[PDB]
Number of protein chains: 2
Amino acid sequence: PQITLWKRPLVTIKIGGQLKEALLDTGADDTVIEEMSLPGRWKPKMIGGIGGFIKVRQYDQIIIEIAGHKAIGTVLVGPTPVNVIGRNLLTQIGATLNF
Amino acid sequence: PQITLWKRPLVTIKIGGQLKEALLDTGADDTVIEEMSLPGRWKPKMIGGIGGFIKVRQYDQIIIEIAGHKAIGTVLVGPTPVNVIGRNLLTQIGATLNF
Ligand SMILES: *O[C@H](C)[C@H](NC(C)=O)C(=O)N[C@H](C(=O)N[C@@H](CCCC)CN[C@@H](CCCC)C(=O)N[C@@H](CCC(N)=O)C(=O)N[C@@H](CCCNC(N)=[NH2+])C(N)=O)[C@@H](C)CC
Ligand SMILES: [Cl-]
Ligand SMILES: [Cl-]
Ligand SMILES: [Cl-]
Ligand code: NA
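Residues numbered from 1 in each chain as written, not as in the entry; some residues may be left out. Chains lettered and ligands numbered in written order. Heavy atoms only, no water.

How do you make sense of the site of ligand 1 when you look at a structure like this?
Among the 29 residues in the neighbourhood of ligand 1, the closest are listed as A:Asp25, A:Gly27, A:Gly48, B:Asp30 and B:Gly48. Neighbouring residues of ligand 1 are not confined to a single chain but are spread across chains A and B. The backbone of B:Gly48 places a nitrogen or oxygen atom 2.9 Å from an oxygen atom of ligand 1. Protein chains bury 80% of the 1100 Å² of accessible surface belonging to ligand 1 in isolation. For the shell around ligand 1, the secondary-structure elements that each account for two or more residues are β5 (42-49) of chain A together with β5 (43-49) of chain B. For the shell around ligand 1, the element with the highest residue contribution is β5(B), accounting for three residues. Of the residues assigned to the shell around ligand 1, the class counts are 13 nonpolar, eight polar and eight charged. (Near = heavy atom within 4 Å. Polar contact = N/O pair within 3.5 Å; in protein donor to acceptor, adjacent residues only side chain to side chain. Areas by Shrake-Rupley, 256 points an atom, 1.4 Å probe, with all protein chains shown as cover. Helix = DSSP H or I, 4+ residues; strand = E, 2+ residues; numbered from the N terminus. Nonpolar A, V, L, I, M, F, W, Y, C, P; charged D, E, K, R; others polar.)

Structure, rendered in structure tokens:
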């Protein structure tokens, strides 16, 4: 699709068998999802932005479907106020900024 | 241009006659820049990010160039970790997200 930016660019994702809403965030290096179970091993990470830092769990090789487009990559899980799809998965669905 | 997301989407901006670097950020409602002097009166605003909330100074109808495109609009100034160009100005330069 072509997504205009008059409103927040929210899409449906499927992760871990669950449907969620998430924000497409070109300003995020990483993908960060609210608390949920994911398979495999994890390691802790601290990630920051406006307001400071939160602690998350890093899971690798997670398959996600983003507005219908499958991608695989690292997903961070923790107390984020908003589910965010960051660049590590936006690249995989071929997302670009155009002007 | 067409900007891919393998690296951070950093562009040069011009504000107050000065060149700065900023992040094109579809996940930001607003444009937030690090401490600098801007003309006129400001109004208070609270904004949120991944770590919580911060207070910023809201300046309206500020002239700002983004990657060579002229915009005039609201700029927030405060303790953001990075300069961010949000949707308020991304819409003025005609930016879309495409996949
Ligand atoms: O981790 C890397 C190194 C990097 N961190 C830093 C410190 O650079 C990073 O990628 N951080 C990510 C991040 O927070 N990126 C932000 C830009 C760069 C840091 C400032 C942009 N993220 C968005 C979405 C965050 C959602 C939790 C963001 O902060 N949006 C704000 C911007 C402020 C503004 N007023 O526009 C935002 O839109 N805030 C509005 C509220 C939105 C509330 N939405 C809901 N649903 N409640 C607002 N009006 O205040 C993070 C994500 C780590 C990878
Ligand atoms: Cl990844
Ligand atoms: Cl590409
Ligand atoms: Cl504006
Ligand atoms: Na894994």
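Having put the structure on the table, let's press on.
Would you mind going over the pairing of strand β3 (residues 18-24) of chain A with me for this structure?
On a regular strand, one side chain projects to one face of the sheet and the next to the other, so that they alternate. All names here are of chain A. With six bridges joining them, strand β2 (residues 10-15) and β3 adopt antiparallel strand pairing. Looking at the pairing, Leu 10 lines up with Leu 23 of β3. Linking two consecutive strands that pair antiparallel, namely β2 and β3, is a turn of two residues; a positive phi of about 60° is found at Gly 16 within it. Here β3 runs beside strand β8 (residues 84-85); their pairing, made up of two bridges, is parallel. (Pairing = 2+ DSSP bridges.)

Just checking my understanding: could you explain the pattern of salt bridges for this structure?
Where charged atoms from two side chains of opposite charge come close, those side chains can pair. Enumeration over the complete set of coordinates arrives at eight salt bridges over all chains. Taking the shortest distance from any N to any O, the salt bridge between A:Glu34 and A:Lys20 comes out at 2.9 Å. Of this pair, A:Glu34 sits in the loop between β4 (32-33) and β5 while A:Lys20 is found in strand β3, placing the two residues 14 residues apart along the sequence. A relative accessible area of 32% places A:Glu34 in the partly exposed class. Residue A:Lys20 is classed as buried on the basis of its relative accessible area of 13%. Between A:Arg57 and A:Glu35 there is a salt bridge, and its shortest N-O distance comes to 2.7 Å. Of this pair, A:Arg57 sits in strand β6 (residues 52-66) while A:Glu35 sits in the loop between β4 and β5, and the two are 22 residues apart along the sequence. Through salt bridges that share partners, A:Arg8, B:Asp29 and B:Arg87 make up one connected network. (Salt bridge = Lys/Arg side-chain N within 4 Å of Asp/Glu carboxyl O. Buried < 20%, exposed > 50% of the residue type's maximum accessible area, 1.4 Å probe, protein only.)

Teacher, can you tell me more about unusual backbone geometry here?
Residue and element names in this part refer to chain B. At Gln 61, a residue that is not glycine, the phi angle is positive and equals roughly 55°. Assignment of secondary structure puts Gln 61 in strand β6 (residues 52-66). A positive phi angle is found at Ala 67, which is not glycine, with a value near 55°. The topology assignment puts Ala 67 in the loop between β6 and β7 (69-77).

Sorry, what's going on with the relation of the copies chain A and chain B here?
The two chain copies are related to each other by a rotation about an axis together with a translation along it. The transformation that overlays chain A on chain B combines an axial shift of 0.3 Å with a rotation of 177°, and the residual RMSD is 0.5 Å. Here the transformation between the copies is reduced to the relation of a two-fold axis. The position closest to the rotation axis in chain A is occupied by the C-alpha of A:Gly51, lying 2.1 Å away. Looking at chain A, 97% of its interface residues are interface residues in chain B too, so the copies touch through the same face. (Least-squares fit on C-alpha atoms. Contact = heavy atoms within 4.5 Å.)

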